[PDB]
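What follows is a set of notes on a single structure, which appears directly below.
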Amino acid sequence: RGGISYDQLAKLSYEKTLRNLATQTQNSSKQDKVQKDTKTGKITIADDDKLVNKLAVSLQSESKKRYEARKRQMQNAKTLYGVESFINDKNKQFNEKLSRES
Amino acid sequence: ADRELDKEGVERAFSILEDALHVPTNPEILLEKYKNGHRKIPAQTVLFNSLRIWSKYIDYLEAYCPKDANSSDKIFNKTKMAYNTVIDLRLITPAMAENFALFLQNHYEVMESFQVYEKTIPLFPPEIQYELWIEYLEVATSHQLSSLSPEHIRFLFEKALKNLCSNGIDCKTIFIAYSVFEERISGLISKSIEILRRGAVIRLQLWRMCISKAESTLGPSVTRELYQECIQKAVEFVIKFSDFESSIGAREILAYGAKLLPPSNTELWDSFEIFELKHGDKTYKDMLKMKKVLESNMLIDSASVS
Amino acid sequence: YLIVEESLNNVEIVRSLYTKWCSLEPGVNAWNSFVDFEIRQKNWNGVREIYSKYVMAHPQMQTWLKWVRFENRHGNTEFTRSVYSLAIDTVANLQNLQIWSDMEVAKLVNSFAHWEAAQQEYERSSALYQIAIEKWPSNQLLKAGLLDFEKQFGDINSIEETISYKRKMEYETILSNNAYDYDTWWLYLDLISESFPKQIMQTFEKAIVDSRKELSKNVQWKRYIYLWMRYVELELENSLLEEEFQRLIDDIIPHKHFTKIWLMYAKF
């Protein structure tokens, strides 16, 4: 059982982003360089304007999904438990922590 | 296939169905690229995978082969390569693995049917291997053409019996098949330590009890060791078995009645045991009444504890 | 750094990343993601170069056998046995290093041999078993892993040649462990009298009678008596019958030279 170490979870989330990237390329199929400077050591990479937008939109959308998943988890966490007496949300929050320790 | 089998020969029925079953170069890549392909890659390429296609292809071959095939014939060489290709494609169901080993044993290829059990057991998970090990160990000991050495049959049990009880199955029959055959070929009562292992694996009471009957035929020195080891609801049943052994060959039995009644609640069956031990004599209803007196006092002590 | 350059479809930059990142010897999660990259890029010549380095970063069988599951996925027979030849030579020449265990080398020999059986060349699959057991006489699992192939793919006398040796070792290690289990003695002698007739056949009958005092014991010496008698014999009979015999020696003197050896064994 156990938790998942930060090497494995880095790999698994790496694979999940690969699978999602592959399904984006599959969906784009269904719906149808390097220059180094001479003056400086600075390096220039030619990019399409697409796939930079697509990466930025994906990172925002993944952030939205995780934000709303935790927000709905906030909604469930303050609506489920009502047995023990508390004082505020932070009391029930900390006493959920003592229930997790058991 | 079915319309052509009636109108035309079975050789015509093979030939239209041979075109289905070309295993091209690599089934692992084509199976995976089909599964990962989102409905674009046709199933024309991965048509070999389908079990239904293979079974009714084979059932035409096994029906068309003569009753005496003896491996000279083309068709018996053809159905064996078509059967072995199913095992190499690894799409073989365990009822289909029996139908091929049965197939070779009718056509006197018995010693190659032990290869058939050998290849497939590795591939299957236990709870299914138990049904193949029955059919494999039974051909080894019962079929008349199989001339296997008694150290080779003992290998087939204690490779299985150790492997199959390791994953954890009751294994009531295999113990008995390694128990029954030991007299028909070797003929000594090593049977007990071969069958003691059924009683003490790491149903079981029904393996322990029939054999402790068997050494009372041979010799009482190896009975009395079991009577000790038999007792170490289910615990109460073991105590009853020990009392029966004492009757066959009385104070140790009564003290055992105490040991069993003290093993566990209810104890009336144990009272039936001691009463049986008393009844067995052809001495004075004094020790018996004293026994019931001791049992009643113990019950009163249990009531006081409660 | 990868999935961003994946998302830009800059395949030359992740390849230059991977080459640097696998140069630092990072671990098995990295190379496996790097062989999974070149599968995505279809560069079959490039991914074969990776496993060349990957076995030299992680020398162990599940990295060698990962490279054989790569090749046997593709069915290229000429490359696959070349991987197989390199894998078994490397265990042989780097034997003194002691970095592959007895269970670990059994997997290479079996996965070499079961591959060759699928390539219909049983004689090479049989021949490497004899070389591997002579090169490693120490590992029993290679000797055991050499039995299950013959059960699958060899002819019945060759199994019976090999099944006798495993029964020989297992009966020997129980009798060394368990002192007096006389029912296994009556099979161990008959394992040797049936399938091992040799100088060992007489020697074990000496070694069994060495271990031979119970009623369960003395009948085994009667078996070794008859094993010697069927084939000196009077000499061992008088040494054994010295356990005690005044009536026996009077019975001996009346019916030893008068009558036979069978009459002489009748006193015992």
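Here the Cβ is made from the backbone with ideal geometry for all residues, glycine too, and neighbour counts use every protein chain on show. Derivation of every value follows stated rules applied to the coordinates shown; laboratory data play no part.
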inquiry  = Cβ contacts < 9 Å: first residue of a type in the set (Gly, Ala, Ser), restricted to the range A:39-63; second residue in a helix (DSSP H, G or I) and surrounded by 10 or more Cβ atoms within 10 Å (Cβ to Cβ), any location; separation 6+ or different chain. Result?
reply    = A:58/A:17; A:58/A:20; A:58/A:21; A:58/A:24; A:58/C:7
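Would you confirm whether or not the range B:220-233 contains a residue that is basic (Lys, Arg), away from chain C (no Cβ under 13 Å) and either farther than 25 Å from residue B:118 by Cα or exposed (fewer than 14 other Cβ atoms within 10 Å of the Cβ) (or both)?
Yes; the residues of the range B:220-233 include at least one that is basic (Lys, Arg), away from chain C (no Cβ under 13 Å) and either farther than 25 Å from residue B:118 by Cα or exposed (fewer than 14 other Cβ atoms within 10 Å of the Cβ) (or both).
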request  = Go through the range A:30-86 residue by residue and tally those that are part of a loop (DSSP other than H, G, I, E, B), surrounded by 10 or more Cβ atoms within 10 Å (Cβ to Cβ) and either away from chain C (no Cβ under 14 Å) or out of contact with any helix residue (DSSP H, G or I) (no Cβ under 7 Å at 6 or more places or on another chain) (or both).
outcome  = 9
message = Which pairs turn up if I take residues in the range B:70-84 that are more than 22 Å from residue B:19 (Cβ to Cβ) and look for partners that are assigned to a helix (DSSP H, G or I) with beta carbon separation below 7 Å, at least 6 apart in sequence or on another chain?
response = B:71/B:77
remark   = Exactly one of C:130, C:120, C:152 is in contact with a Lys or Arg (Cβ under 6 Å, 6 or more places away or on another chain) and closer than 25 Å to residue C:81 by Cβ, and that one is C:152
remark   = Selection over the range C:93-117 where residues are surrounded by fewer than 13 Cβ atoms within 10 Å (Cβ to Cβ) and not in a loop (DSSP other than H, G, I, E, B) yields a count of 5
inquiry  = Condition first: crowded, with 19+ Cβ neighbours inside 10 Å and assigned to a helix (DSSP H, G or I). Can you find one or more residues in the range C:19-30 that meet it?
reply    = no
inquiry  = I'd like to check something: does the range B:288-306 contain any residue that is on the phi < 0 side of the Ramachandran plot, of a type in the set (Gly, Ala, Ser), assigned to a loop (DSSP other than H, G, I, E, B) and surrounded by 11 or more Cβ atoms within 10 Å (Cβ to Cβ)?
reply    = no
query = Just one of the numbered conditions (1) more than 10 Å from every other protein chain (Cβ to nearest Cβ); (2) surrounded by 14 or more Cβ atoms within 10 Å (Cβ to Cβ); (3) out of contact with any helix residue (DSSP H, G or I) (no Cβ under 7 Å at 6 or more places or on another chain) is not true of residue C:146; which one?
reply = (3)
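For the range C:150-175, enumerate the residues that are in a helix (DSSP H, G or I) and farther than 17 Å from residue C:195 by Cα.
Within the range C:150-175, C:150, C:151, C:152, C:153, C:173, C:174, C:175 meet the criteria.
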key: Candidates B:177, B:214, filtered to the one that is away from chain C (no Cβ under 14 Å), of a type outside the set (D, E, K, R) and within 10 Å of the chain's Cα centre (by Cα)   = B:177
note = Within the range C:175-185, residues surrounded by fewer than 16 Cβ atoms within 10 Å (Cβ to Cβ) and within 11 Å of another protein chain (Cβ to nearest Cβ) come out as C:178, C:181
request  = State whether one or more residues within the range B:90-98 are surrounded by fewer than 17 Cβ atoms within 10 Å (Cβ to Cβ), within 12 Å of chain C (Cβ to nearest Cβ) and on the phi > 0 side of the Ramachandran plot.
outcome  = yes
ask   = Which pairs have Cβ atoms under 7 Å, sit 6 or more apart or on different chains, and link a residue in the range B:110-133 that is of a type outside the set (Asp, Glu) to one that is in a loop (DSSP other than H, G, I, E, B) and crowded, with 20+ Cβ neighbours inside 10 Å?
value = B:120/B:92
Of the criteria (1) more than 15 Å from the chain's Cα centre (by Cα); (2) more than 10 Å from chain B (Cβ to nearest Cβ), which one residue C:190 fails = (2)
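Look at the range C:1-18 and say how many of its residues are outside any helix (DSSP H, G or I), at the interface with chain A (Cβ under 8 Å from one of its Cβ atoms) and surrounded by fewer than 18 Cβ atoms within 10 Å (Cβ to Cβ).
Adding up the residues that qualify gives 1.
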key: Residue selected from the range B:30-46 under the condition hydrophobic (A, V, I, L, M, F, W, C) and surrounded by 14 or more Cβ atoms within 10 Å (Cβ to Cβ), by the criterion farthest from residue C:70 (Cα to Cα)   = B:41
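So in the range B:99-142, with the set limited to residues that are charged (D, E, K, R) and more than 14 Å from chain C (Cβ to nearest Cβ), which one is surrounded by the most Cβ atoms within 10 Å (Cβ to Cβ)?
So, considering only residues that are charged (D, E, K, R) and more than 14 Å from chain C (Cβ to nearest Cβ), the one surrounded by the most Cβ atoms within 10 Å (Cβ to Cβ) is B:135.
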